[PDB]
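See below for the structure under consideration.
Read the figures in this text as sums done on the coordinates, not as results from a lab. Virtual Cβ from ideal backbone geometry, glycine too; neighbours counted across all protein chains shown.
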Amino acid sequence: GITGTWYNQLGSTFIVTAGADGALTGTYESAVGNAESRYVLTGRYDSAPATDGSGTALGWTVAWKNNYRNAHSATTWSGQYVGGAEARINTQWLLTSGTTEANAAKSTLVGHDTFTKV
Amino acid sequence: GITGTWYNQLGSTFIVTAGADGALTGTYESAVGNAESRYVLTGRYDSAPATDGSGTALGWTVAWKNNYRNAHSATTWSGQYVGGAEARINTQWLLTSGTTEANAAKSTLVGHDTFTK
Amino acid sequence: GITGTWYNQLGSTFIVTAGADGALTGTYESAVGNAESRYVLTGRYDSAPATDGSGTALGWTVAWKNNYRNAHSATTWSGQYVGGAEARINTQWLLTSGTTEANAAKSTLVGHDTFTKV
Amino acid sequence: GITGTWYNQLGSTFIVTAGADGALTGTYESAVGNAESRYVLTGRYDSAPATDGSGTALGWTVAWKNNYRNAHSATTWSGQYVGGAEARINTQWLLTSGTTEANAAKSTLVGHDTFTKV
Ligand SMILES: O=C(O)CCCC[C@@H]1SC[C@@H]2NC(=O)N[C@@H]21
Ligand SMILES: O=C(O)CCCC[C@@H]1SC[C@@H]2NC(=O)N[C@@H]21
Ligand SMILES: O=C(O)CCCC[C@@H]1SC[C@@H]2NC(=O)N[C@@H]21
Ligand SMILES: O=C(O)CCCC[C@@H]1SC[C@@H]2NC(=O)N[C@@H]21
């Protein structure tokens, strides 16, 4: 139920395919930041989750470079797929920008995105 | 520069090749935690970073399931590679465990790993 | 706008006094975790924030030790206060537990809390 | 043995006093970012840690306003004190800036500092 098109609270578009091998592949489109259009993503998920009602641990990465722009940054999302009536993917993320030594202390942003199919 | 074998402060081994497309592929072996053997990784990196000496942004994911165990979790490392006499990859990571919504507050660990050759 | 009673989404209760000082004092009641009753908090805030509409930066700390219990852990919330009809305090937090240096790779949890007047 | 003068890898200066009741007070001086001289800090620590060799959980806040400047930001450090030969405090920190609703996705930085007495 992870496969498909999801949207986060910012309006970004997350188009994913969950592979039988635990592979996550698709595209990301950010509604904010130093980005336009679609970027390649790749990630992994637990292809055999618990059955105690636990959610499904997953992760994916986007390097913010494509044919039109390069922000010299990468975001990783970590969280879990929670299926059911209201399916949702709950994440926290790290966005690291390429910096010089002077700026490394402030290289990494952290946040949380919530994805739904609606 | 990135392709190769890397070790972090915990004794884990990160084996990756950086494709020219900006794909990261490889294998991760953790020294600690609910793990044993190798796990598949995949990620992405800035295959055209700035010329000013900034580092190279990158990220990768490991779900902790292989033929041996399944921790029912995934880690994502977000960082940058820095070349030099001492090449380094400095990261921050998020380790999320599957949980019921009751314990979702405690699902996600945060940490930092430094990789070196 | 900061002083008073606030609630997050776990149902925890945050009772603060914002000192002229830049001081934050109060008590925290957490709904979830190895917790019981009220705990002392202390923190700091920008007592001269931007006029330009930006939020009011703040942070606080709770060590989870009181008369009833001691979880040997500490949470810090970092965030910002946002005035308006729906006042909110939007935070990210770090929960560190005391561990041996074996398990220290799993000592710190991260998450986010949104506090509302209701 | 938390009271005293500590330095992190950036060469910032962390002067702290741990009171009986679990209080933390002191002064923080950053070697980096939008800061100059000392800023008041405040926090909490577990005043009755385990004895199994586990470290002492602690956390503190700095709002980055003093008589010289104001960055409209606040940093929290969450971590633990670890005694012995190499007495150190290992932390993770969250640095939130006051932003408008629009740029809140980039309000929060994350990092880690290691404090030593040398
Ligand atoms: O600004 C950049 O460096 C690239 C764009 C980053 C957009 C971020 S990734 C985390 C968050 N979630 C989104 O949908 N967009 C932002
Ligand atoms: O215990 C688990 O749930 C799976 C193993 C996680 C090990 C972590 S991932 C971050 C850190 N870096 C490492 O090399 N190992 C730990
Ligand atoms: O160690 C424990 O379990 C006690 C910590 C309290 C639970 C956490 S603190 C962050 C989050 N926000 C809350 O209101 N509760 C949890
Ligand atoms: O907003 C600002 O730039 C002032 C924040 C101070 C810089 C930070 S706090 C985390 C890190 N550790 C330090 O000793 N300094 C930086």
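Annotations
- 10 Å Cβ neighbours from other chains, averaged over peptide C:61-67: 6
- Euclidean distance of C-alpha centroids, region D:47-111 and region C:57-99, integer Å: 11
- Each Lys and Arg adds +1 at its Cβ and each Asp and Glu adds -1 at its Cβ; summed about the Cα centre, the protein assembly as shown shows a dipole of about 0 debye.
- Per-residue 3J(HN,Hα) values for region C:78-89, derived from phi via the Karplus relation 6.51 cos²θ - 1.76 cosθ + 1.60 with θ = phi - 60°, read 10, x, 8, 8, 10, x, x, 5, 9, 5, 9, 10 Hz in sequence order (x marks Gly and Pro).
- Summing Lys and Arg as +1 and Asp and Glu as -1 over all other residues whose Cβ lies under 12 Å from the Cβ of B:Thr76 gives a net charge of +1.
- Backbone HN-Hα couplings from phi across region A:92-97 [Karplus 6.51/-1.76/1.60, Hz, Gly and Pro as x]: 10, 9, 10, 10, 9, 9
- Peptides B:71-84, D:58-71, D:80-93 ordered by average Cβ neighbours within 10 Å, highest first: B:71-84, D:58-71, D:80-93
- Computed about its Cα centre, the charge dipole of region C:54-118 is approximately 160 debye, with only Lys, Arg, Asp and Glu carrying charge at their Cβ.
- For region B:52-58, putting each phi into the Karplus relation 6.51 cos²θ - 1.76 cosθ + 1.60 with θ = phi - 60° gives couplings of 7, x, 4, x, 9, 5, 7 Hz, in residue order, rounded to whole numbers and with x for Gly and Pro.
- Chain A, relative contact order [Cα under 8 Å, separation at least 6], %: 20
- In plain terms, the bigger the Kirkwood radius, the slower the diffusion; for region D:1-58, with that radius from Cα pairs, at 37 °C and 0.692 mPa s, Stokes-Einstein puts D at 263 µm²/s.
- Proximal charge balance of A:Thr13 [Cβ under 11 Å; K/R count +1, D/E count -1]: 0
- Chain A: translational diffusion in µm²/s, Stokes-Einstein, Kirkwood Rh over Cα pairs, 4 °C, 1.567 mPa s: 87
- Counting only Cβ charges, +1 for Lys and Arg and -1 for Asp and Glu, the dipole size of chain D around its Cα centre is about 260 debye.
- Counted by neighbouring Cβ atoms within 10 Å, the residues A:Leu109, D:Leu94 run from fewest to most as A:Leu109, D:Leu94.
- Extent along principal axes [Cα atoms of the protein assembly as shown; Å; largest to smallest]: 54, 51, 45
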